[PDB]
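Shown here: run-v5.txt, compact mmCIF, C-alpha atoms and all ligand atoms.
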```
# COMPACT_ATOMS: atom_id res chain seq x y z
CA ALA A 1 97.91 94.08 93.07
CA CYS A 2 97.95 94.17 96.89
CA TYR A 3 100.25 92.53 99.42
CA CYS A 4 99.79 91.40 103.02
CA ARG A 5 102.62 93.02 105.02
CA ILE A 6 104.10 93.04 108.50
CA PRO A 7 104.64 95.48 110.21
CA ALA A 8 103.16 98.06 107.78
CA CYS A 9 102.48 99.06 104.16
CA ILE A 10 105.46 100.35 102.24
CA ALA A 11 105.86 103.81 100.79
CA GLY A 12 103.21 104.58 98.20
CA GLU A 13 100.71 101.96 99.52
CA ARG A 14 97.73 102.38 101.82
CA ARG A 15 96.11 99.83 104.16
CA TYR A 16 92.58 98.91 103.19
CA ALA A 17 92.01 95.83 105.41
CA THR A 18 93.75 93.03 107.39
CA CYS A 19 95.00 89.57 106.43
CA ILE A 20 94.70 86.89 109.03
CA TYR A 21 96.91 83.91 108.42
CA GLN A 22 99.90 81.89 109.64
CA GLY A 23 99.20 83.14 113.18
CA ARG A 24 99.50 86.88 112.46
CA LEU A 25 97.54 89.93 111.44
CA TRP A 26 98.95 91.57 108.34
CA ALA A 27 98.29 94.99 106.85
CA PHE A 28 96.39 94.54 103.55
CA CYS A 29 98.30 97.04 101.39
CA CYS A 30 97.39 98.38 97.96
CL CL A 101 101.64 94.24 91.70
CL CL A 102 100.08 94.42 111.30
```

Produce structure tokens that represent the structure in this file.
Ligand SMILES: [Cl-]
Ligand SMILES: [Cl-]
Amino acid sequence: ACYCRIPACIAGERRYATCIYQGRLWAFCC
């Protein structure tokens, strides 16, 4: 299952979208 990450997805994940919450954009990583 995916995670919202800052600053970037970790190794083995790709970004598919963006999370917007708690005042930040997050990489949506799966
Ligand atoms: Cl998982
Ligand atoms: Cl980001």

Expected selection as a ChimeraX atom specification for ligand CL 102 (chain A) within 6 Å, only C-alpha atoms and all ligand atoms: /A:6-8,25-27

Neighbours of ligand CL 101 (chain A) within 9 Å, counting all atoms listed in the file, as a PyMOL selection string? chain A and resi 1-3+30

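What separates CA of residue 24 in chain A from CA of residue 4 in chain A is a distance of 10.5 Å.
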